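Quick heads-up: the structure tokens below are two forms of one chain, split into structure 1 and structure 2.
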Structure 1
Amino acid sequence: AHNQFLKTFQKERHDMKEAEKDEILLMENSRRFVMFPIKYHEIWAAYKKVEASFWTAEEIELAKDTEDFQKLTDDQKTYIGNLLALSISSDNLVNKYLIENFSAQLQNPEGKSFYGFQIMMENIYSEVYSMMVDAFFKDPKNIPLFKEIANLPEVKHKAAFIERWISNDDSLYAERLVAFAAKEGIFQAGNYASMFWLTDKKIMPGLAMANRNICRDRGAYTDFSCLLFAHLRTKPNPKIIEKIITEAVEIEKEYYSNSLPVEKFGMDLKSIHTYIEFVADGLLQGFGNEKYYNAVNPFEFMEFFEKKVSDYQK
């Protein structure tokens, strides 16, 4: 099964565990909390970075945002409700647990300093969701999908991905790190694409903000998993790097063809299908891996000086 693939590398992934001991990033030493005089500049750079963007639930004003809602189709309506629930009970949850695991794995303070920020926010995002559910659904009862999540091809197929690549005894840091990057960046690439499209221009402001933010932050987060990935000596055969993102890509889509609409919501599915591919490649690259899908951005998207600066460094 999943092993048959990993069996194909029982010689370059053996040398890896055997080398993990010498992976100083995991060289569990004293530094539990950030003694100052910092050595890891980047890892810290990133902490301060996301730290700058801090925000609260109060930053989300829900009313005059309830309007545009009750004045819509009957599904975009339920689409949202499923969206706002596939989170508050699915992702947001496993989300917080995972961050502690990885945080624990990371032996450098400055690092667990970033993670320490992240969880705090995942807690704060949770409230934004329980803010929109009350906002335009009055009660936890009023949501359909909110009861048989555990029994959704997609959520089920998702969990297997984590238990398969992360929470698994037979795993390697670099690997779990990749997937985790996959889980944060790829999984839910639609949700954003969706709400983006929607809110875009003259629809439900608060929601547009929440999504603008959340999506942002989660972008930094994923970055961290890379910023960490780039520190490891013995990297995962590019092959393995692929399957991971590959697997995530496919699992991601399923949600829009099964659980949540995108068809009934109001868009040309084949596009979301492609965008997901987009994200993944850019992510494939960010781990020292050649593009796969070779997709092309289907929607005018936003997540200059620097980019054009380095573009002329290459």
Structure 2
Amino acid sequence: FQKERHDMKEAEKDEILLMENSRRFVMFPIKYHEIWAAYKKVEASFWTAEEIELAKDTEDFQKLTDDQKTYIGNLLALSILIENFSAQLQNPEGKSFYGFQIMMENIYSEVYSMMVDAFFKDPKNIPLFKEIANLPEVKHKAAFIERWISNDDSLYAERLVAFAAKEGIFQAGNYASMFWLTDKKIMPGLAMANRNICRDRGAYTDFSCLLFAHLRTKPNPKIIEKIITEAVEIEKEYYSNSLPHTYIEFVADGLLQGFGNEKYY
């Protein structure tokens, strides 16, 4: 599928999505009902760090196993381009959704920090990985984004599928873990914060499945399965190399179906 990629490159011009929308001063007679309803949906779920209580939630932290404390450490330490995608999507509907997404990301970056603070004390001294941020596993994550998204020789539809991998596939391990550690009464806080981020991250991933869906020229079905797999490999990696399952494959398939493909696992 080399030659055909050349055609899609010339075809991306007929994509009304990537195309202009000029002359539309007033925006309410909505032209993109689908992405708009997607934006309204995340706009309604707007939440903040303040709406989260970690007090009397830190009790159940220091009671965890000596190493379970080390886990969460990196988990937070890790977590703690949307602009480019937003720049390519030419319409008020889409850019509104994107502006909201990066807006919410900063709140996640705050809530995460708060945990690092209320738990591992003010000093970031306890967080080990924080000093060696740029370590192997992440370099592999950075390479993936360097392959399908950053690489000049890439197509919009492709970058979309990769973006979703990076949004839904990747940190699936994280949430999968915390959903466990926050299963039944243990830490009500980290629980709500996790329930939310996972919900929004899901939506942010769907949004790319929604855009993709509206693309007139889809890329080859194999490249898709070729983009996901790689992220599933880069995921299993640190997900089972940082701290002490095959949940990724499950999600990896749902997303595969999300773009109109066959379940690889």
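Shifts are known only where both forms have a C-alpha. Rigid core (definition): largest C-alpha set, two forms, superposition within 1.5 Å. Residue numbering: sequential along structure 1, first residue numbered 1.
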Tell me, with the core superposed, which single residue in 149, 208, 220, 166 has its C-alpha moved by at least 2 Å between structure 1 and structure 2. 149
Per-residue C-alpha change between structure 1 and structure 2, residue 140, threshold 2 Å, rigid core fit: yes
So that I can tell if residue 32 moves, could you say whether its C-alpha shifts by at least 2 Å between structure 1 and structure 2 after the core superposition? yes
Core superposed first, then measure: what is the displacement of the CA of residue 235 between structure 1 and structure 2, in Å? 0.5
Given the rigid core as reference frame, how large is the C-alpha shift of residue 255 between structure 1 and structure 2? Answer in angstrom. 1.2
Note: conformational shift between structure 1 and structure 2, core-aligned, Cα at least 2 Å, runs of three or more in sequence order, located at 28-34, 139-153
